[PDB]
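We give structure tokens for two forms of one protein chain below, kept apart as structure 1 and structure 2.
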Structure 1
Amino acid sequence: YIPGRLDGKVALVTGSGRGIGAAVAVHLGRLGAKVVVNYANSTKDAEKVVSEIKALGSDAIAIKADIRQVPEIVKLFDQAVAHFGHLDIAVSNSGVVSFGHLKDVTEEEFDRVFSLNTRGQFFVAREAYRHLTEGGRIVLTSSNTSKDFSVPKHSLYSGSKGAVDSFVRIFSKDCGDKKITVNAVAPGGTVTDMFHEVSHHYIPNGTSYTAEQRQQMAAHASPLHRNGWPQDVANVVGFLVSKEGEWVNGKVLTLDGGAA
């Protein structure tokens, strides 16, 4: 055994075809875990991630499942265990972002966002608890905008992740009976496809800057003067899911390089 490694473990990451999830998946593989790479649409990207994990000497499988559909979450987990024999680690990463003034937010947009970000994560947790081996690990994904950062026209998304913060604290109580720790990571601005979607909203007068300028401005929000990257969130998930992270339990870690 080595410090922080996952040799012999099997992990699952929702939405790990791209963005943060892809970096988490590859990293769990680098740490020695076998990985189930879940996607909803990005087949080609999911297979690239699988390949990278095989190339670095571990094993992986890509499995399609729409995390909005609870029956597909059940199946995703059954297929994980059926393929690899057992499951130790579940990272719930899938999410979508949204912007709109309260006055213009519709039923459909609420549902679109909450069905995945909150409901879906909740039942990923539930299936994780049911399928995980004792001593396992569950990590959900929140956001710095849930508590630490207040952005106009961001009420729906901020709320969707605020529920996750509460979930994980209480999940830890229930999941303790199988000695499974439960946490969430709350990234700030992390450079991915979602980053471009939201960067002009997160920055003061964002519409009147270029995408390159916005990224630089978001970099200066951290006192380390750099952007957050998927590897940064990966690094932290990897510690949380390791033996050594056990005493971090029921907590939400904000990962914004000190922006808050």
Structure 2
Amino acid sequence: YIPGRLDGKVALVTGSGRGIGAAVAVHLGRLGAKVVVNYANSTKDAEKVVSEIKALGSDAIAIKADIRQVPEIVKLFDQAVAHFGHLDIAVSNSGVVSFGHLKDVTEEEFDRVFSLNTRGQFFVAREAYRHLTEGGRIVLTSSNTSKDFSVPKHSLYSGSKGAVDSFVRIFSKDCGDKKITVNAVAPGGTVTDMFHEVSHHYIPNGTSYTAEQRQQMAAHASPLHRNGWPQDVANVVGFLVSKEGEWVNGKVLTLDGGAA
């Protein structure tokens, strides 16, 4: 046994077609896990993640699912266990962002956000509990906006992640009967190819700055004076899902480089 490593373990990672999830999938592979690369949309993109994990010396398979549809979450987990024999780790990076003043939020937008961010993640945890081996790991995605950062016109999303924080604390109670720990990660400002399209929403008069100015401002929000990156989230997920992370259970870790 090599400490911190996941040799002999099997991990499922959702949201592997965007920056953070892709980095989490590759990192769990690098640590020695075989990986089910779950994704929502681009099969070519997901297969690039599979290829990267194989190149590192670990096995991976891409399995698609619409995480809004609970029957598809059931099938995803069944197929994961059928392919690799068992499953030890489930990480959800599933979610969508949303902005708008309360006054303008529609039924459709509420449902768009909660169906994935909150309901989808709840049922990913349910199916992970049902399928996981004893002593496994579940990690869901919250946000620094749930509790630690207050963004005007971001009530819907912030609440979708506030629910996740409460879920994980109580899931840890129920999941203890299979010795499964349950935690959430709550990233701050993380730079990906989608960051620049929404970064104006997170600062007053955001549109009056250039994208580069907004990224620099985001960097200066951490006392370390750098941006957060997908690898920062992956690094913490890797610890939580290791043997050495066991005593962190039922918690939400805000990953913002000290900004809050």
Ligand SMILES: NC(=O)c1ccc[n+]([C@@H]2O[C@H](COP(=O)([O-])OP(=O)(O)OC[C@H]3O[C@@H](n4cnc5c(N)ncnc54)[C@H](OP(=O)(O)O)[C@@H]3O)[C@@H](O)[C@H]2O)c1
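Take the two forms, find the largest set of C-alpha atoms that superpose within 1.5 Å, and that set is the rigid core. Numbering for residues begins at 1 and runs along the sequence of structure 1.
Here, the chain labelled structure 1 is taken from the form solved in complex with this ligand. Large C-alpha shift between the two structures, rigid core held fixed: of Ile63, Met217, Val70, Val198, this applies to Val198 alone, with a displacement of 2 Å or more. Core-based superposition between the two structures puts the Cα shift at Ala40 at 1.2 Å. On core superposition, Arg18 has its C-alpha offset by 2.3 angstrom between the two structures. Core-based superposition between the two structures puts the Cα shift at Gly85 at 0.2 Å.
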